[PDB]
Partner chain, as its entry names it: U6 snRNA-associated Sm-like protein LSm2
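Next up: a single chain in structure tokens, the form deposited without its partner chain.
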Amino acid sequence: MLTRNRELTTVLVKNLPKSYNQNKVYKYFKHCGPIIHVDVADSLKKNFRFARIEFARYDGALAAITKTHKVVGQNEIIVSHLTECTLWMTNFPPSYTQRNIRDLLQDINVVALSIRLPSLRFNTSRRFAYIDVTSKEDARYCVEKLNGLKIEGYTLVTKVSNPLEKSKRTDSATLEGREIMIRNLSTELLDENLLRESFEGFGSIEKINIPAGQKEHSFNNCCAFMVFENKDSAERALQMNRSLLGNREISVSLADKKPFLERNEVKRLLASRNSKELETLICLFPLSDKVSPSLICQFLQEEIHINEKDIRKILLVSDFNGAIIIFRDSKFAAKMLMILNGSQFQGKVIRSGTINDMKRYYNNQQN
């Protein structure tokens, strides 16, 4: 659990003159110690400015705090540790942006100093944010107003940040190594009570899940998932791998997680030579590793005016600082190509191209 604690390195400066931007907060405080990052924000009535400064070390911060109550051309500033001012927020809509979060707070009259979103490099689905406000009391006010708020059909979660209090995820059985997947069952074997009787001896079973539609399209091979109450039981159930059940040699293994599956689907595309498949897709690059496929979807629909039905899938390729958009057909993909190349996304200009173009652009970013 021990990693870092920003309240030892990060200070809050209150009452800076309206002229003070990032650049010149930097210049004022950089003698205090080396600085990693500065953010600046207007007060509610635009009468003064707040700054948030992350120092490289706690002693840079303590040095900054020695300037509390000093005068910066006209104004008596206050410099303190930024402590108890961090919120954590999740279950906002998939396409919600840093700006949207900032307007959310602004509509309740709360200044936001910093809003930090996670890298999607290793998991495309991550969706949460940390948000620093200017007082403990604002933080409490945000929870009271925003926790439980319905936004575009999503019930928001907003809390005072405390990672030690985090909750169990609804899919944590799989992360703990407690869920097995059973493969190559026949339709005759794809029956809950049948699997239950055959696996109960390994340990107590918590859940059995059978993906729908396997009998109904009568598959040759069917699959199922089973969650045990503890790890050891599931590990014992792996002895059933390569064993006889009815007329089948079945397979049994610990279920994989979505990020692992999704990454391998991307790799398959990145190695395809099936030009049929490749004619249907285009890449956008370069993109921040914070940008999700939902945000890209929303861009495509709201700003480029594409219909949702024309878009089959959107996948991240953060190792080349891009994304892949698979369209309904190649003719549509070819028009979109010209339209998207040079378009604006998140206030910067993006490009579109084939996979190879995305690589060339990335390799050349390396040089």
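Residue numbers count along the first chain shown, from 1. Basically, rigid core = biggest C-alpha set you can superpose within 1.5 Å across the two forms.
FYI, the form solved in complex with its partner chain isn't displayed, but the following is about it.
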Does each of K207, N230 and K258 have at least one heavy atom within 4.5 Å of its partner chain in the entry with it bound?
-> no
Counting only non-hydrogen atoms, the one stretch of 332 to 340, 49 to 57, 66 to 74, 313 to 321 within 4.5 angstroms of its partner chain in the entry with it bound is 332 to 340
Closest heavy atom of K18 to its partner chain in the entry with it bound, within 4.5 Å or not?
-> no
Is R351 a contact residue for its partner chain in the entry with it bound, using a 4.5 Å heavy atom cut-off?
-> yes
Can you spot, among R140, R116, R126, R248, the one with a CA shift of 2 Å or more between the shown form and the other one after core superposition?
-> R248
